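Just so you know, structure 1 and structure 2 below are the same protein chain in two forms, each on its own as structure tokens.
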Structure 1
């Protein structure tokens, strides 16, 4: 039969009022012969009717995939409401049901530290700017970089890692032309998490 997977919003989207957070229900292994799929959505048991269901799409393995998207309220997701997706298709015995909500546990505030590139990395044309983010719970977090008002995109961030006290840490790495570092340009690491004031903090890094 088909299979159902249910996905939370992006951390940033739940935390920042400029964004629109959504919960996503993906039905896979839908057969060519019966591809009709219905969705029903619920919030703390109460049915809601604002979901938008995509048109089915064929796969490179002869099967279909159907995706439904539900827009949610930031405050609801943050305050622990539960979201249920129910999926209906003839090739099932009965409807499949899946529920999600924000990770549980006592929140703890991230500490954010910027680390300049090593002296030994200066033999290179590009250098690494580092942002250490530690001591946070739950693990849902977003990290970005800017310079001079504008986003910097040439970064990669590790997944959250469990630390010895049961909190989480990660590191983000921004790669920049050595020119820009040595010219004295100012960079910033921005961190979004539920246990920060405004859900947001920014730390600078420069020569």
Structure 2
């Protein structure tokens, strides 16, 4: 029969007060003969009724994709409230109940360190600027680079890695033309995480 997948909000929508975080309940393998999908939403066991249904999408594999979205409050999600989506469909012998929430565990503040390029790299065309983000929990995070107030696109960030002390760490590598680094421009590692003061911190880096 049809299957249900309940997704958390984007970490950026939960930590940035200008954005709106939403929990998404995706129902796949919806049949054409019984496309009706009843949605029951519960926040900490209490049913809520402010969820909207996304437009039905034909998947061109003989099934429908039916999606419900519930806006959540920022502090509600960050305070670890549980959101239950109950999906009902005539192709289901019994309703499917899924429940998600923020990763449990005490949030730990990330330590952000900028590491300059190695002296052995200055023989290449482009050098590597390193940002070490360690000791953070939960794993949800976002890392970006910028120079003189302008965003820097040419960078890659490793996924979070579980450390030996139960926290997470990652690395972000910004690649710049060696001339830029030797020019002396300041580069900034911008890290977003719930356990940071105001969910944000910057660490500069220059020669």
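Residue numbers count along the first chain shown, from 1. The term rigid core refers to the most C-alpha atoms you can superpose between the two forms while keeping them within 1.5 Å.
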*Which residue moves between structures 1 and 2, judged by a Cα shift of 2 Å or more on the rigid core: 92, 78, 122, 103?*
122
_Angle through which the smaller rigid unit swings between structures 1 and 2, given in whole degrees_ = 15
*After fitting the core, how far does the CA of residue 131 move between structures 1 and 2, in Å?*
2.7
*Cα of residue 161: shift between structures 1 and 2 in Å, core-fitted?*
1.4
*After superposing on the rigid core, how many Å does the CA of residue 197 move between structures 1 and 2?*
0.7
